[PDB]
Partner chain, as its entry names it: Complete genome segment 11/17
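Given as structure tokens, the chain that follows is alone and in the form solved without the partner chain.
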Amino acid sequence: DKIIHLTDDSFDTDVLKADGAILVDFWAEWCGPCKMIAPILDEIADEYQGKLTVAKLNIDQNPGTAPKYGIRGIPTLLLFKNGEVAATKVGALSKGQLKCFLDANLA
């Protein structure tokens, strides 16, 4: 919905040159946990619309990004603040968990 689907080629423009925080989620279809935190990213996206942009990057279609940030497995969450990594979250999580992670890292 408000979620931006990324690619290795658009990552620079969409994430690094952006103004305002962006939460990047590295996912794939074969990753069960990813699919479960997906509907959660939908909720957060509309609820934090205005203070945060939620972006998804499918590592099967874009195998080049993850290795640039030392991402070993998925799911992985990277929160950016104008071109740089602010905080990282790994493994399955809940809406509450993500909201606490966002309250602790967003301005």
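Numbering follows the first chain given and starts at 1.
Per-stretch averaging of Cα B factors for 44-52 and 76-84 places 44-52 on top. Once the C-alpha B-factors are averaged per stretch, 56-64 and 22-30 rank with 56-64 first.
Among all modelled residues in its chain, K95 ranks in the middle third by Cα B-factor.
One more form of this protein exists, namely the form solved in complex with the partner chain; it is left out here, but the text below deals with it.
For the chain shown alone, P63 is a contact residue for the partner chain in the bound PDB entry, at least one non-hydrogen atom being within 4.5 angstroms.
Although the partner is absent here, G91 is a contact residue: one of its heavy atoms lies within 4.5 angstroms of the partner chain in the bound PDB entry. Contact check for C31: a non-hydrogen atom falls within 4.5 Å of the partner chain in the bound PDB entry. At a distance threshold of 4.5 angstroms between non-hydrogen atoms, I74 is in contact with the partner chain in the bound PDB entry.
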